[PDB]
There are 2 protein chains.
Amino acid sequence: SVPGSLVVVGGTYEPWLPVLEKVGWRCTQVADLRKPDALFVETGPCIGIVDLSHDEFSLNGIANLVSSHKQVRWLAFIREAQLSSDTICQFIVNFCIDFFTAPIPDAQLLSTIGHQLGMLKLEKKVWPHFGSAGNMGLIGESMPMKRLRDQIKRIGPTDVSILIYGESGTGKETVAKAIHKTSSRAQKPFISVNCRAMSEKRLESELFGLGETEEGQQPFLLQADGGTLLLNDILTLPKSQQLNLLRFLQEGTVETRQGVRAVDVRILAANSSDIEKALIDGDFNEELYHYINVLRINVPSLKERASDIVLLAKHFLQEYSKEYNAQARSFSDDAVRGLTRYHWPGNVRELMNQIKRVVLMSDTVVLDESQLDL
Amino acid sequence: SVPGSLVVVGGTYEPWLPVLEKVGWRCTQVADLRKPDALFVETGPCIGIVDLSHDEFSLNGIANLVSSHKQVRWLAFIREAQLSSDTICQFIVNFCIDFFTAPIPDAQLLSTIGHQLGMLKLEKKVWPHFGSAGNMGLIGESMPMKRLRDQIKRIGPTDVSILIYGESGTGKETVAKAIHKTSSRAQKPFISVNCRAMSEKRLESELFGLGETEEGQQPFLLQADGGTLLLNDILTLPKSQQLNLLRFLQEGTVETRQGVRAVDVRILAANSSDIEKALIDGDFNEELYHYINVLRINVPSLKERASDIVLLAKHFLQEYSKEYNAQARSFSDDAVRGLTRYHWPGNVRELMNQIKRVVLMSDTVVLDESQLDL
Ligand SMILES: Nc1nc2c(ncn2[C@@H]2O[C@@H]3COP(=O)(O)O[C@H]4[C@@H](O)[C@H](n5cnc6c(=O)[nH]c(N)nc65)O[C@@H]4COP(=O)(O)O[C@H]3[C@H]2O)c(=O)[nH]1
Ligand SMILES: Nc1nc2c(ncn2[C@@H]2O[C@@H]3COP(=O)(O)O[C@H]4[C@@H](O)[C@H](n5cnc6c(=O)[nH]c(N)nc65)O[C@@H]4COP(=O)(O)O[C@H]3[C@H]2O)c(=O)[nH]1
């Protein structure tokens, strides 16, 4: 087991270190601050002691390293010596739940840490080897994609709502399917809604049946009883519609043809636009936002996914060549470089769609360079 | 000291409750999920135990309150009847520090809870950071402006870097001065950096570069020691200065021939132009963007808070009229309409400096309709 890692140019502050080691835990300290930034991510969830007897290293960047997407993937911990530091003690606004005194009980500080160390041992115990496969990862396998799966697993099971904000065609629907399998309600229904063009009329027929409800009609939430309902591009939700989603959020009740009935649905969302501007402006209700933004997940873009662009092309060829019986089976080597350079605004989707176009053009078995430049 | 708060039908949690008012704590049990919201707001930084005997509470909404309005305003704690094996065990991703068994480890029990006294006893010390009755909002007071005060006061204390983006003359720096006053550093120096024509000469002379005296200007960083530094139009920085920003954000150094020093700088940023269009261009480094975009704060356009345009002029007249002893005292009822009509591409800076004109040009006590033909 390799969790537990303090960070300071000191490290010689061992009136508490071998006490953690002699109990059989070891330790891994950090000096500079450019290094743990790359460590805390890869390590995922761990206990990190930030020793601050002033000790030379900052306070602004100290607050940054704690929050720079290291919130959920790190349980915070701090250390100082009598140094009450009444001023910027506001650093404990970031749930550094317990400090570290100088009259240390070199055995009962283990009572605090050990309960927190035993708190982290909860997570990895029921899955101590998931990090490679994970049912193929469902898309790719890079640095931020290995990162993505590590988050997906520790945010899956908890039947809370999750905000999925990423670029267009990053696979918000793909991610929603992924965590659904881990949500223990996997078998139960899954519903994806392209809320972009719902245009109030039918979008409200789903919840409170307006001046028409054909026969069954059966609400999108009615079918999604024991399962999961997803709403993509949630910022495209009209004002009077956000309330009804907020209604089901605050009550858990939708109207069907054979009477109004309450259900229990884990509702997920998917964001495309800048979420901050939409809130200040008042496009979207912020009280509903806090319900969805319980936990955030960033779906990596292709610009952030270098050593992985190539894999997405090899396996997309397969499903598409087999589908349409094309006489091609590989790109040329120059076509490999030509794809890892493209902006990929549509990300996976554009690489997906454009490749499908190519397949239905080429007469050759190997895909050259010139034809697909646009 | 007056904390105690429980929540569930478990009045039959006599198996562990009454030992909490002895030792000396003011308990208060709740039952209905909706009331603790109104309760946990006014009670403040109390410690609340949330029972999860799988009795009633929709865990999706339970995780909400943990993050909604009760972050610092509540030290989390949970109780359950050994419901491990499944996802409920993983539901302790919501930072619930400690679990609760069932066969009361009494003499050990408090070691879980009571280790939060000295921590919670702190939270009560730095709570009334509201103060100043709110700096009059510094500017206006509409709907989209009412949003800004709260978000400013929240992201204020957290000494992290914050990205401040908006339109051309929205007053990005106007916001930077605000969280500086809600900071913990607070009184410490506030420094802003404009860079329309800063070149590479003087900006690199700020950090190191030339300047080899014993009081020669002294680095914009060194003067901002312990305070706050803002870089307006941050995205136009050349790489070699983006590096210097990233160098300082990862190390924290700046050289002076009179002796190199390290400083404590909360590096905020201000942006107007579309950031994303420049990211793909490879002009701005993404690693630096991370450190800066730790927190986003959006400044609204006039189009959406047009219900404040009538107020800005009223105060911009009041401050200018007394300043230059103008005979101007009020606007015409028709003059009000036209001010909401000039669109104002340059936002507040436009409306402010354009009033400087009319005030120093108009001769009547009431600014007539014929005046605003500009
Ligand atoms: N004194 C003065 N002259 C004006 C004004 N508006 C336009 N001009 C003149 O008209 C030229 C072309 O303007 P443009 O199409 O807007 O294209 C402009 C404009 O888009 C931009 N530019 C230069 N200064 C500014 C500025 O202060 N604000 C803005 N928003 N753009 C500027 O760069 C381009 C170059 O403008 P120039 O080299 O100056 O060449 C400008 C300028 O000589 C003004 O309000 N005051
Ligand atoms: N169409 C047009 N109008 C002109 C021109 N020159 C002066 N004006 C007008 O008369 C006002 C005077 O602008 P200013 O004295 O330069 O004071 C301006 C100027 O200092 C600056 N500015 C705005 N646009 C430009 C620009 O395009 N180029 C430059 N160099 N400065 C600009 O912002 C100030 C506010 O400009 P405004 O609100 O627009 O109001 C401007 C503008 O409406 C021109 O060449 N073309």
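Residues numbered from 1 in each chain as written, not as in the entry; some residues may be left out. Chains lettered and ligands numbered in written order. Heavy atoms only, no water.

Per the PDB record, this model was obtained through X-ray crystallography at a reported resolution of 4.000 Å.

The PDB entry lists chain A under the name VpsR, with Vibrio cholerae given as the organism. Looking at the header, the entry is titled "Crystal Structure of VpsR display novel dimeric architecture and c-di-GMP binding: mechanistic implications in oligomerization, ATPase activity and DNA binding".

A. Region of interest: the interface of chain A and chain B. Facing 59 residues of chain A, the contacting portion of chain B comprises 59 residues. In terms of surface lost to chain B, no three residues of chain A exceed A:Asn60, A:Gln90 and A:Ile280, which account for 12% of the buried area on that side. Connecting chain A to chain B are two salt bridges. Residues B:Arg296 and A:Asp274 are paired through a salt bridge, measuring 3.5 Å at the closest nitrogen-oxygen approach. Applying the counting rule to chain A against chain B returns 14 residue pairs in polar contact. Residue assignment for the side of chain A that touches chain B shows that the elements contributing at least two residues are α3 (60–67), α4 (109–125), α10 (275–281) and α11 (286–292) of chain A. Sorting elements by how many residues they give to the side of chain A that touches chain B places α4(A) first, with seven residues. Across the side of chain A that touches chain B, the residue classes tally to 24 nonpolar, 18 polar and 17 charged. (Contact = heavy atoms within 4.5 Å. Buried area = accessible area lost by both parts, 1.4 Å probe. Salt bridge = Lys/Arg side-chain N within 4 Å of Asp/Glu carboxyl O. Polar contact = N/O pair within 3.5 Å; in protein donor to acceptor, adjacent residues only side chain to side chain. Helix = DSSP H or I, 4+ residues; strand = E, 2+ residues; numbered from the N terminus. Nonpolar A, V, L, I, M, F, W, Y, C, P; charged D, E, K, R; others polar.)

B. Region of interest: the layout of surface pockets. Here the second largest pocket defines a volume of roughly 1300 Å³. As for the second largest pocket, its lining consists of 45 residues, and the residues nearest its centre are A:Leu52, A:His54, A:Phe57, A:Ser58 and A:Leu59. Residue assignment for the lining of the second largest pocket shows that the elements contributing at least two residues are α3 and β2 (75–79) of chain A together with α4 (117–123) and α9 (239–250) of chain B. If you tally residues by element for the lining of the second largest pocket, the top one is α9(B), at three residues. Taken together, the residues of the lining of the second largest pocket break down into 22 nonpolar, 13 polar and ten charged. (1 Å grid on protein atoms, 1.4 Å probe; cavity = no way out; pocket = protein on both sides within 12 Å on 5 of 7 lines; lining within 4 Å. Points joined across faces, edges and corners; volume = space filled by probe spheres on them.)

C. Structural view of the packing of aromatic side chains. The tally for this structure, following the rule as stated, stands at 14 aromatic pairs over all chains. Seen in terms of ring centroids, A:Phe40 and A:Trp74 are 5.0 Å apart; in terms of plane orientation they differ by 80 degrees. Their pairing is edge-to-face. Here the residue A:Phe40 occupies a position in helix α2 (residues 36–43), and A:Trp74 occupies one in the loop between α3 and β2, the gap between them amounting to 34 residues. With respect to class, A:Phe40 is no different from A:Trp74; both count as buried. A ring pair is formed by B:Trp16 and B:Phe100, whose centres lie 4.9 Å apart and whose planes are at 45 degrees; its orientation type is tilted. Here B:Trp16, found in the loop between β1 (5–7) and β2 (29–30), pairs with B:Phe100, found in the loop between β5 (78–80) and α3 (106–113); they are 84 residues apart in sequence, far enough to count as distant. Across this residue pair, the class does not change: B:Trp16 and B:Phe100 are buried. An aromatic cluster of at least three residues, connected via ring pairs, comprises B:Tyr13, B:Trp16, B:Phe77 and B:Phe100. The side chain of B:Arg79 reaches across the aromatic face of B:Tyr13, ending 5.0 Å from its centre. (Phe/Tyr/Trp six-rings, centres within 6.5 Å; stacked < 30°, edge-to-face > 60°. Buried < 20%, exposed > 50% of the residue type's maximum accessible area, 1.4 Å probe, protein only. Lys NZ or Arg CZ within 6 Å of the ring centre and 35° of its normal.)

D. Molecular detail of the site of ligand 2. In the neighbourhood of ligand 2, the contacting residues comprise B:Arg349, B:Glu350 and B:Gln354. Measuring from an oxygen atom of ligand 2, one finds a side-chain N or O atom of B:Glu350 at 2.8 Å. (Near = heavy atom within 4 Å.)

E. Fine view of helix α12 (residues 309–324) of chain B. Residues and elements named next belong to chain B. For α12, which comprises 16 residues, the first-to-last C-alpha distance of 22 Å matches the rise-based estimate of 22 Å (1.5 Å per residue) to within 8%. By the burial criterion, the buried members of α12 are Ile-309, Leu-312, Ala-313, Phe-316, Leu-317, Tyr-320 and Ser-321. Looking down the long axis of α12, one finds its buried residues gathered within 150 degrees of arc, a one-sided arrangement. Close packing links the buried residues of α12 with β13 (330–331), α13 (333–339) and α14 (347–359). Looking at the residues trailing α12, positive phi occurs at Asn-325, about 55 degrees. (Expected span 1.5 Å × (residues − 1). Arc of directions from axis to C-beta.)

F. Quick peek at the pattern of salt bridges. Residues and elements named next belong to chain A. Per the counting criterion, the structure on display carries 22 salt bridges over all chains. In this structure, the salt-bridge partner of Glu-212 is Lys-201, at a minimum N-O distance of 3.1 Å. You can see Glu-212 sitting in the loop between α7 (201–205) and α8 (220–223) and its partner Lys-201 sitting in helix α7, a full eleven residues away along the chain. Owing to a relative accessible area of 33%, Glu-212 belongs among the partly exposed residues under this scheme.

G. Structural view of the sheet that holds strand β7 (residues 190–193) of chain B. All names here are of chain B. Taken in spatial order, the five strands make up an open sheet running β7-β8-β11-β6-β12, and their pairing is parallel. In this open sheet, the two edge strands, each paired with only one partner strand, are β7 and β12 (295–298). Sheet twist, expressed as the mean angle between neighbouring strand axes with direction ignored, is 20 degrees. Direction of pairing for strand β6 (residues 162–165) relative to strand β11 (residues 266–271): parallel, over a ladder of three bridges. Across the sheet, the residue bridging to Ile-164 is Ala-270, located in β11. (Pairing = 2+ DSSP bridges. Axes fitted to C-alpha atoms, helices over the stretch in contact; angles between N-to-C directions.)

H. Structural view of a nonpolar patch on the surface. All names here are of chain B. Side chains of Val-23, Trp-25, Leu-110 and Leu-117 sit close together on the surface and give an oily, nonpolar patch of about 340 Å² of accessible area. Relative to the helices and strands, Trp-25 resides in the loop between β1 and β2. Looking at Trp-25, the relative accessible area reads 31%, which means it is partly exposed. (Patch = residues over 30% accessible without salt bridge, like charges linked within 9 Å, V, L, I, M, F, W, Y side chains within 5 Å. Areas by Shrake-Rupley, 256 points an atom, 1.4 Å probe, with all protein chains shown as cover.)

I. Expanded view of empty space enclosed by the protein. All names here are of chain B. Across all of its chains, the model carries 15 cavities of 30 Å³ or more by this definition. Estimated volume of the largest cavity: approximately 160 Å³. Lining the largest cavity are 13 residues, and of these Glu-206, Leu-207, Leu-221, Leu-231 and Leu-245 lie nearest its centre. Broken down by secondary-structure element, the contributors of at least two residues to the lining of the largest cavity are α7 (201–207), β8 (228–232) and α9.

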